[PDB]
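*Asks:* sequence below, structure please.
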Amino acid sequence: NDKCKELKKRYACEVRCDXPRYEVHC
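*Replies:* Residues are numbered from 1 along each chain as shown. Structure as follows:
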């Protein structure tokens, strides 16, 4: 479940990892 971290590194814009949802506030 580190894809959350990967996204947070990529995007810092707030990536909301809510279960299977990744809401990117950018």
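
*Asks:* check contacts around the closest residue in space to residue 4 that isn't next to it in sequence.
*Replies:* Nearest residue to residue 4, sequence neighbours excluded (C-beta to C-beta, 6 or more residues apart in numbering): residue 17, at 3.9 Å. In short, each C-beta sits where N, CA and C put it, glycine included. Neighbouring residues of residue 17 by C-beta atoms under 8 Å, 6 or more residues apart in numbering: 4, 7-8.

*Asks:* quick one, strands of the chain?
*Replies:* Applying DSSP state E to the chain gives strands spanning 14-18, 21-25.

*Asks:* pick the most deeply packed of those strands.
*Replies:* Ranked by mean neighbour count, the strands of the chain are led by strand 14-18 with a mean of 13 (mean count of other C-beta atoms under 10 Å).

*Asks:* hang on, the earlier thing: which of the contacts of residue 17 fall within helices?
*Replies:* Residues of those located in helices (DSSP state H): 4, 7-8.

*Asks:* now do residue 26 against residue 8, distance only.
*Replies:* 11 Å (C-beta to C-beta, to the nearest Å).

*Asks:* same thing with residue 1?
*Replies:* Residue 1 sits at a distance of 12 Å from residue 8 (criterion: C-beta to C-beta).

*Asks:* so between these two, which is more surrounded?
*Replies:* Using other C-beta atoms under 10 Å, the more surrounded residue of residue 1 and residue 8 is residue 8, with 17 against 5.

*Asks:* please name the nearest non-neighbouring residue to that one.
*Replies:* Distances taken as C-beta to C-beta, 6+ apart place residue 15 nearest to residue 8, at 4.8 Å, with adjacent residues excluded.

*Asks:* for that neighbour, give the beta-bridge partners.
*Replies:* Per DSSP bridges, residues listed as beta-bridge partners of residue 15: residue 24.

*Asks:* all set, thanks.
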